[PDB]
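Quick note on numbering: the sequence shown equals residues 3096 to 3143 in the deposited numbering.
Data first, discussion second: the structure below is written as structure tokens.
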Amino acid sequence: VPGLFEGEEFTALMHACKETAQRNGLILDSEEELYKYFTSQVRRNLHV
């Protein structure tokens, strides 16, 4: 959701992203590479 996460939110989100990435054995630094990871994770965990 474009904009849903921005500013203050985007901070915790990004960190929690690389925190999860390291676990799954995936090294992600750039915020753009991290977002793709976050987006994909939701695509296969939400189910509306």
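Positions of the beta carbon are idealized from the N, C-alpha and C atoms, including for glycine.
Proximity of residue i and residue j at Cβ, strictly below 8 Å
i	j	result
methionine 3109	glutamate 3126	yes
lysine 3113	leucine 3099	no
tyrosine 3130	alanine 3116	no
Alpha-carbon to alpha-carbon, residue j and residue i
i	j	result
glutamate 3104	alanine 3111	11 Å
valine 3096	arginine 3138	12 Å
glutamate 3101	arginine 3118	24 Å
Three-way DSSP call (helix, strand, coil) for residue i in this model
i	result
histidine 3142	coil
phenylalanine 3133	helix
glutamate 3101	coil
Cβ neighbours of residue i in the same chain (closer than 8 Å, five flanking residues each side left out)
i	result
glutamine 3136	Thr3115
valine 3143	none
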